[PDB]
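Data from my_file17.txt: compact mmCIF, C-alpha atoms and all ligand atoms
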```txt
# COMPACT_ATOMS: atom_id res chain seq x y z
CA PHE A 1 6.60 -18.88 57.61
CA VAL A 2 10.12 -19.72 56.34
CA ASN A 3 13.49 -20.14 58.04
CA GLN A 4 15.70 -17.05 57.51
CA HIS A 5 19.44 -16.40 57.61
CA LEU A 6 19.73 -12.94 59.17
CA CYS A 7 22.89 -10.92 59.75
CA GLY A 8 23.44 -7.21 60.51
CA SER A 9 21.21 -4.11 60.39
CA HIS A 10 19.19 -6.35 58.08
CA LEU A 11 18.18 -8.47 61.14
CA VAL A 12 16.98 -5.65 63.45
CA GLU A 13 14.49 -4.83 60.65
CA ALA A 14 13.03 -8.33 61.14
CA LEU A 15 13.07 -7.58 64.92
CA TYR A 16 10.90 -4.50 64.16
CA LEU A 17 8.76 -6.44 61.60
CA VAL A 18 8.26 -9.34 64.08
CA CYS A 19 7.92 -7.15 67.23
CA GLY A 20 6.75 -3.58 66.28
CA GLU A 21 4.64 -1.97 69.05
CA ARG A 22 5.96 -4.39 71.72
CA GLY A 23 9.50 -3.13 71.08
CA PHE A 24 12.50 -5.45 71.30
CA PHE A 25 15.91 -5.91 72.87
CA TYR A 26 18.90 -6.33 70.58
CA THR A 27 21.61 -8.28 72.41
CA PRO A 28 24.72 -9.28 70.39
CA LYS A 29 27.65 -11.12 72.02
CA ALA A 30 30.93 -9.16 72.26
CA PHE B 1 30.12 5.41 69.34
CA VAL B 2 31.24 1.96 68.09
CA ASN B 3 33.48 0.80 65.24
CA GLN B 4 31.40 -0.50 62.30
CA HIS B 5 32.07 -2.86 59.39
CA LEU B 6 30.15 -1.31 56.49
CA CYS B 7 29.79 -2.67 52.97
CA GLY B 8 27.34 -1.82 50.15
CA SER B 9 24.10 0.17 49.96
CA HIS B 10 24.12 -0.50 53.70
CA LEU B 11 27.05 1.97 54.06
CA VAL B 12 25.57 4.94 52.13
CA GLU B 13 22.73 4.79 54.71
CA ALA B 14 25.35 5.49 57.40
CA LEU B 15 26.66 8.28 55.10
CA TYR B 16 23.12 9.78 55.19
CA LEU B 17 22.75 9.06 58.96
CA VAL B 18 26.18 10.63 59.71
CA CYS B 19 25.89 13.51 57.15
CA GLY B 20 22.17 14.27 56.40
CA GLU B 21 21.61 17.98 55.55
CA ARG B 22 25.31 18.53 54.71
CA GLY B 23 25.07 15.90 51.96
CA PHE B 24 27.97 13.60 51.15
CA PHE B 25 30.19 12.31 48.36
CA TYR B 26 30.29 8.58 47.73
CA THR B 27 33.63 7.68 46.12
CA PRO B 28 34.38 3.96 45.61
CA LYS B 29 37.59 2.78 43.88
CA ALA B 30 37.14 1.09 40.48
CA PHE C 1 23.66 2.23 34.29
CA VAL C 2 26.16 -0.05 36.08
CA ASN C 3 26.35 -3.80 36.65
CA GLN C 4 25.29 -4.72 40.21
CA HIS C 5 25.93 -7.68 42.51
CA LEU C 6 22.63 -8.15 44.35
CA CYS C 7 21.84 -10.66 47.08
CA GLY C 8 18.99 -10.85 49.63
CA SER C 9 16.29 -8.42 50.76
CA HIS C 10 18.71 -5.90 49.29
CA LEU C 11 17.80 -7.18 45.77
CA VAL C 12 13.98 -7.00 46.04
CA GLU C 13 14.52 -3.26 46.74
CA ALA C 14 16.12 -3.00 43.29
CA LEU C 15 13.11 -5.01 41.98
CA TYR C 16 10.85 -2.27 43.45
CA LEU C 17 13.21 0.53 42.25
CA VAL C 18 13.38 -0.98 38.72
CA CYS C 19 9.68 -2.07 38.56
CA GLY C 20 7.54 0.06 40.98
CA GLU C 21 3.95 0.51 39.70
CA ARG C 22 4.22 -2.50 37.33
CA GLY C 23 4.89 -4.77 40.32
CA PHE C 24 7.23 -7.74 40.07
CA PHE C 25 7.55 -11.46 40.68
CA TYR C 26 10.28 -12.66 43.02
CA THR C 27 11.23 -16.24 42.09
CA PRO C 28 14.21 -17.80 43.93
CA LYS C 29 15.28 -21.42 43.30
CA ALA C 30 14.80 -23.85 46.22
CA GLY D 1 39.79 4.66 50.86
CA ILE D 2 36.68 4.80 53.15
CA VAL D 3 34.55 2.42 51.02
CA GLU D 4 37.42 -0.09 51.00
CA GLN D 5 38.47 0.45 54.69
CA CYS D 6 34.89 0.25 56.08
CA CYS D 7 34.49 -2.91 53.91
CA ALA D 8 37.93 -4.61 54.27
CA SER D 9 38.38 -3.54 57.93
CA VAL D 10 36.30 -1.40 60.37
CA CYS D 11 35.85 2.40 60.38
CA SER D 12 34.29 4.85 62.93
CA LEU D 13 31.57 7.54 62.45
CA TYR D 14 34.20 10.26 63.14
CA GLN D 15 36.04 9.05 59.98
CA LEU D 16 32.71 9.36 58.05
CA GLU D 17 32.34 13.09 58.92
CA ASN D 18 35.43 13.70 56.71
CA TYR D 19 33.34 12.99 53.56
CA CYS D 20 30.35 15.21 54.52
CA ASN D 21 30.20 18.57 52.67
CA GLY E 1 22.41 -16.47 71.03
CA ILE E 2 19.82 -15.21 68.44
CA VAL E 3 22.20 -12.74 66.73
CA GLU E 4 24.81 -15.50 66.39
CA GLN E 5 22.31 -18.32 65.49
CA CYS E 6 20.41 -16.24 62.86
CA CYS E 7 23.87 -15.29 61.48
CA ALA E 8 25.85 -18.57 61.83
CA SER E 9 22.83 -20.79 61.01
CA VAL E 10 19.10 -20.09 60.29
CA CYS E 11 16.38 -19.04 62.75
CA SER E 12 12.54 -18.76 62.46
CA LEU E 13 10.19 -15.80 63.24
CA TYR E 14 8.70 -17.81 66.16
CA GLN E 15 12.19 -17.75 67.78
CA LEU E 16 12.24 -13.92 67.27
CA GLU E 17 9.01 -13.43 69.31
CA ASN E 18 11.03 -14.57 72.38
CA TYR E 19 12.96 -11.24 72.38
CA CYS E 20 9.89 -8.96 71.98
CA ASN E 21 8.80 -7.19 75.21
CA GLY F 1 17.95 -17.61 37.35
CA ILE F 2 18.02 -13.84 38.21
CA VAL F 3 18.22 -14.35 42.02
CA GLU F 4 21.12 -16.77 41.52
CA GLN F 5 22.87 -14.76 38.71
CA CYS F 6 22.62 -11.38 40.52
CA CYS F 7 23.96 -13.23 43.62
CA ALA F 8 26.57 -15.62 42.11
CA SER F 9 27.69 -13.13 39.41
CA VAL F 10 26.55 -9.58 38.40
CA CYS F 11 23.35 -8.57 36.56
CA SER F 12 22.17 -5.25 34.98
CA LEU F 13 18.92 -3.26 35.51
CA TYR F 14 17.88 -4.06 31.90
CA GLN F 15 17.83 -7.77 32.90
CA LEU F 16 15.59 -6.82 35.90
CA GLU F 17 12.90 -5.27 33.62
CA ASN F 18 12.25 -8.83 32.31
CA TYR F 19 10.59 -9.77 35.65
CA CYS F 20 8.36 -6.66 35.92
CA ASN F 21 4.67 -7.26 35.05
ZN ZN G 101 23.70 -7.03 53.38
```

Take the structure from the file and write it as structure tokens.
Ligand SMILES: [Zn+2]
Amino acid sequence: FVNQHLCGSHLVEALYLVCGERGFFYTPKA
Amino acid sequence: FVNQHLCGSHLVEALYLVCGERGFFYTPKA
Amino acid sequence: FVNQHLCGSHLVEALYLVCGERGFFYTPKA
Amino acid sequence: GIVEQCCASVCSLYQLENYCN
Amino acid sequence: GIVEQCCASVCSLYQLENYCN
Amino acid sequence: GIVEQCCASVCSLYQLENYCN
């Protein structure tokens, strides 16, 4: 695997691709 | 709902997600 | 057709949309 | 316009409804 | 955090597994 | 190359056909 720069709605896709059936939490800082 | 920064092909997705069955017009300035 | 600025995972989509059944090669410089 | 405002600043989904048919 | 690190610097898929349930 | 030119400048779909098999 390679090191990725991920920003946006593009990232959460990788959260789904990585996770999938486990589901994830998406926690930005605001 | 939250305020979004949208740019590109990423935006037109939100146009589909917002609109859907109504359809939309996509009008950039050029 | 119009001239596009393409960067990222967004691009490879256009590689699929352009190519499709032919398949493509994705060759970045690193 | 929307494309410019959503991309130079932020816009809301309510503003997006304006361009649905 | 991840959102910030993947977006200010680079992160790996191994780091992403940490936020799966 | 294409990845760099489409991402540093603009490219056209005709240029993309060159990398289909
Ligand atoms: Zn993007």

- Residue neighbourhood residue 10 in chain E, 10 Å, only C-alpha atoms, exclusion window fewer than 5 positions, as an NGL selection string: (:A and (2-7)) or (:E and (2 or 4-5))

- Message: Which residues are near ligand ZN 101 (chain G) in this structure, taking near to mean any atom at most 9 Å from a ligand atom and counting all atoms listed in the file? Format them as a PyMOL selection string.
- Response: (chain A and resi 7-10) or (chain B and resi 7-10) or (chain C and resi 7-10)

Requested write-out: C-alpha atoms of the selected residues, as a PDB file, keeping the file's coordinate frame:
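Result file follows (again_34.pdb):
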```pdb
ATOM      1  CA  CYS A   7      22.890 -10.920  59.750  1.00  0.00           C
ATOM      2  CA  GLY A   8      23.440  -7.210  60.510  1.00  0.00           C
ATOM      3  CA  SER A   9      21.210  -4.110  60.390  1.00  0.00           C
ATOM      4  CA  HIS A  10      19.190  -6.350  58.080  1.00  0.00           C
TER       5      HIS A  10
ATOM      6  CA  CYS B   7      29.790  -2.670  52.970  1.00  0.00           C
ATOM      7  CA  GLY B   8      27.340  -1.820  50.150  1.00  0.00           C
ATOM      8  CA  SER B   9      24.100   0.170  49.960  1.00  0.00           C
ATOM      9  CA  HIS B  10      24.120  -0.500  53.700  1.00  0.00           C
TER      10      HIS B  10
ATOM     11  CA  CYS C   7      21.840 -10.660  47.080  1.00  0.00           C
ATOM     12  CA  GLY C   8      18.990 -10.850  49.630  1.00  0.00           C
ATOM     13  CA  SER C   9      16.290  -8.420  50.760  1.00  0.00           C
ATOM     14  CA  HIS C  10      18.710  -5.900  49.290  1.00  0.00           C
TER      15      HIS C  10
END
```

Fitted copy of chain D on chain F, all Cα, as an mmCIF file with C-alpha atoms, keeping the file's coordinate frame:
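Done, and the output landed in superposed-v4.cif:
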```cif
data_model
loop_
_atom_site.group_PDB
_atom_site.id
_atom_site.type_symbol
_atom_site.label_atom_id
_atom_site.label_comp_id
_atom_site.auth_asym_id
_atom_site.auth_seq_id
_atom_site.Cartn_x
_atom_site.Cartn_y
_atom_site.Cartn_z
ATOM 1 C CA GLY D 1 17.948 -17.606 37.347
ATOM 2 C CA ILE D 2 18.028 -13.841 38.216
ATOM 3 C CA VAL D 3 18.221 -14.346 42.017
ATOM 4 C CA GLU D 4 21.123 -16.769 41.522
ATOM 5 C CA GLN D 5 22.867 -14.759 38.706
ATOM 6 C CA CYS D 6 22.623 -11.378 40.521
ATOM 7 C CA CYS D 7 23.959 -13.229 43.626
ATOM 8 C CA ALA D 8 26.574 -15.620 42.110
ATOM 9 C CA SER D 9 27.690 -13.127 39.411
ATOM 10 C CA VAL D 10 26.548 -9.588 38.398
ATOM 11 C CA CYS D 11 23.346 -8.577 36.562
ATOM 12 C CA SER D 12 22.169 -5.256 34.975
ATOM 13 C CA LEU D 13 18.917 -3.257 35.514
ATOM 14 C CA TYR D 14 17.880 -4.052 31.897
ATOM 15 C CA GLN D 15 17.835 -7.770 32.903
ATOM 16 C CA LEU D 16 15.586 -6.825 35.896
ATOM 17 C CA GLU D 17 12.898 -5.270 33.623
ATOM 18 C CA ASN D 18 12.248 -8.827 32.308
ATOM 19 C CA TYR D 19 10.591 -9.779 35.647
ATOM 20 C CA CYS D 20 8.360 -6.659 35.923
ATOM 21 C CA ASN D 21 4.670 -7.256 35.047
#
```

- Message: Residues within 12 Å of (22.2, -6.6, 73.0), file coordinates, counting all atoms listed in the file: what are they? Give the list as a ChimeraX atom specification.
- Response: /A:12,24-30 /E:1-4,19

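Look at range 16-22 of chain B: the protein and nucleic acid residues within 8 Å of it, using all atoms listed in the file and passing over chain neighbours fewer than 4 places away, are residues 12 of chain B; 13, 16, 17, 20 and 21 of chain D.
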
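Here CA of residue 15 in chain A and CA of residue 18 in chain E stand 10.4 Å from one another.
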
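Of note, CA of residue 11 in chain A and CA of residue 14 in chain B are spaced 16.1 Å apart.
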
Restricted to N, CA, C and O atoms, what does chain F look like when written out as a PDB file, in the first residue's frame?
```pdb
ATOM      1  N   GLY F   1       4.074  14.351 -18.157  1.00  0.00           N
ATOM      2  CA  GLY F   1       3.217  13.320 -18.793  1.00  0.00           C
ATOM      3  C   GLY F   1       1.724  13.707 -18.698  1.00  0.00           C
ATOM      4  O   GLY F   1       1.418  14.780 -18.179  1.00  0.00           O
ATOM      5  N   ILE F   2       0.799  12.791 -18.995  1.00  0.00           N
ATOM      6  CA  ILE F   2      -0.641  13.145 -18.943  1.00  0.00           C
ATOM      7  C   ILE F   2      -1.125  13.564 -17.544  1.00  0.00           C
ATOM      8  O   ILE F   2      -1.674  14.644 -17.390  1.00  0.00           O
ATOM      9  N   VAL F   3      -0.680  12.812 -16.538  1.00  0.00           N
ATOM     10  CA  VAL F   3      -1.146  12.967 -15.141  1.00  0.00           C
ATOM     11  C   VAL F   3      -0.764  14.366 -14.641  1.00  0.00           C
ATOM     12  O   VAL F   3      -1.615  15.116 -14.175  1.00  0.00           O
ATOM     13  N   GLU F   4       0.461  14.724 -14.997  1.00  0.00           N
ATOM     14  CA  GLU F   4       1.123  16.004 -14.723  1.00  0.00           C
ATOM     15  C   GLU F   4       0.508  17.116 -15.586  1.00  0.00           C
ATOM     16  O   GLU F   4      -0.035  18.037 -15.017  1.00  0.00           O
ATOM     17  N   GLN F   5       0.338  16.914 -16.892  1.00  0.00           N
ATOM     18  CA  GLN F   5      -0.211  17.945 -17.797  1.00  0.00           C
ATOM     19  C   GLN F   5      -1.694  18.252 -17.547  1.00  0.00           C
ATOM     20  O   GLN F   5      -2.057  19.415 -17.487  1.00  0.00           O
ATOM     21  N   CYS F   6      -2.510  17.216 -17.345  1.00  0.00           N
ATOM     22  CA  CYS F   6      -3.924  17.373 -16.964  1.00  0.00           C
ATOM     23  C   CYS F   6      -4.089  18.016 -15.573  1.00  0.00           C
ATOM     24  O   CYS F   6      -5.158  18.537 -15.265  1.00  0.00           O
ATOM     25  N   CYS F   7      -3.024  17.973 -14.771  1.00  0.00           N
ATOM     26  CA  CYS F   7      -3.025  18.458 -13.381  1.00  0.00           C
ATOM     27  C   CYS F   7      -2.188  19.723 -13.105  1.00  0.00           C
ATOM     28  O   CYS F   7      -2.242  20.277 -12.016  1.00  0.00           O
ATOM     29  N   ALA F   8      -1.302  20.074 -14.037  1.00  0.00           N
ATOM     30  CA  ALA F   8      -0.508  21.309 -13.975  1.00  0.00           C
ATOM     31  C   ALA F   8      -1.108  22.335 -14.946  1.00  0.00           C
ATOM     32  O   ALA F   8      -1.305  23.488 -14.577  1.00  0.00           O
ATOM     33  N   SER F   9      -1.539  21.836 -16.104  1.00  0.00           N
ATOM     34  CA  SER F   9      -2.291  22.594 -17.123  1.00  0.00           C
ATOM     35  C   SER F   9      -3.614  21.852 -17.430  1.00  0.00           C
ATOM     36  O   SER F   9      -4.121  21.084 -16.618  1.00  0.00           O
ATOM     37  N   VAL F  10      -4.185  22.117 -18.604  1.00  0.00           N
ATOM     38  CA  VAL F  10      -5.370  21.419 -19.127  1.00  0.00           C
ATOM     39  C   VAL F  10      -4.951  20.465 -20.268  1.00  0.00           C
ATOM     40  O   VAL F  10      -4.079  20.773 -21.080  1.00  0.00           O
ATOM     41  N   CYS F  11      -5.693  19.361 -20.337  1.00  0.00           N
ATOM     42  CA  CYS F  11      -5.657  18.386 -21.441  1.00  0.00           C
ATOM     43  C   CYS F  11      -7.067  18.160 -22.037  1.00  0.00           C
ATOM     44  O   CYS F  11      -8.076  18.469 -21.399  1.00  0.00           O
ATOM     45  N   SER F  12      -7.111  17.574 -23.230  1.00  0.00           N
ATOM     46  CA  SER F  12      -8.372  17.242 -23.940  1.00  0.00           C
ATOM     47  C   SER F  12      -8.597  15.721 -23.968  1.00  0.00           C
ATOM     48  O   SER F  12      -7.639  14.953 -23.979  1.00  0.00           O
ATOM     49  N   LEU F  13      -9.847  15.306 -24.176  1.00  0.00           N
ATOM     50  CA  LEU F  13     -10.211  13.870 -24.241  1.00  0.00           C
ATOM     51  C   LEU F  13      -9.505  13.092 -25.363  1.00  0.00           C
ATOM     52  O   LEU F  13      -9.097  11.954 -25.166  1.00  0.00           O
ATOM     53  N   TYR F  14      -9.244  13.783 -26.479  1.00  0.00           N
ATOM     54  CA  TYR F  14      -8.443  13.246 -27.594  1.00  0.00           C
ATOM     55  C   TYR F  14      -7.043  12.795 -27.138  1.00  0.00           C
ATOM     56  O   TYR F  14      -6.695  11.635 -27.330  1.00  0.00           O
ATOM     57  N   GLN F  15      -6.411  13.606 -26.287  1.00  0.00           N
ATOM     58  CA  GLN F  15      -5.120  13.249 -25.658  1.00  0.00           C
ATOM     59  C   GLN F  15      -5.214  12.008 -24.745  1.00  0.00           C
ATOM     60  O   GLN F  15      -4.261  11.250 -24.613  1.00  0.00           O
ATOM     61  N   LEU F  16      -6.386  11.800 -24.141  1.00  0.00           N
ATOM     62  CA  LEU F  16      -6.649  10.668 -23.230  1.00  0.00           C
ATOM     63  C   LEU F  16      -6.745   9.321 -23.960  1.00  0.00           C
ATOM     64  O   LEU F  16      -6.177   8.338 -23.489  1.00  0.00           O
ATOM     65  N   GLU F  17      -7.282   9.357 -25.186  1.00  0.00           N
ATOM     66  CA  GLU F  17      -7.381   8.171 -26.059  1.00  0.00           C
ATOM     67  C   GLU F  17      -6.026   7.485 -26.302  1.00  0.00           C
ATOM     68  O   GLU F  17      -5.965   6.262 -26.287  1.00  0.00           O
ATOM     69  N   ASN F  18      -4.952   8.276 -26.227  1.00  0.00           N
ATOM     70  CA  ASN F  18      -3.569   7.808 -26.445  1.00  0.00           C
ATOM     71  C   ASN F  18      -3.123   6.735 -25.434  1.00  0.00           C
ATOM     72  O   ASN F  18      -2.338   5.857 -25.776  1.00  0.00           O
ATOM     73  N   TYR F  19      -3.701   6.793 -24.231  1.00  0.00           N
ATOM     74  CA  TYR F  19      -3.404   5.851 -23.136  1.00  0.00           C
ATOM     75  C   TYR F  19      -4.433   4.714 -22.964  1.00  0.00           C
ATOM     76  O   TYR F  19      -4.377   3.979 -21.978  1.00  0.00           O
ATOM     77  N   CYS F  20      -5.461   4.671 -23.815  1.00  0.00           N
ATOM     78  CA  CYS F  20      -6.326   3.480 -23.888  1.00  0.00           C
ATOM     79  C   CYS F  20      -5.601   2.359 -24.661  1.00  0.00           C
ATOM     80  O   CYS F  20      -4.725   2.614 -25.487  1.00  0.00           O
ATOM     81  N   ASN F  21      -5.943   1.119 -24.324  1.00  0.00           N
ATOM     82  CA  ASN F  21      -5.275  -0.074 -24.895  1.00  0.00           C
ATOM     83  C   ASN F  21      -5.937  -0.598 -26.181  1.00  0.00           C
ATOM     84  O   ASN F  21      -7.168  -0.830 -26.143  1.00  0.00           O
TER      85      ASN F  21
END
```
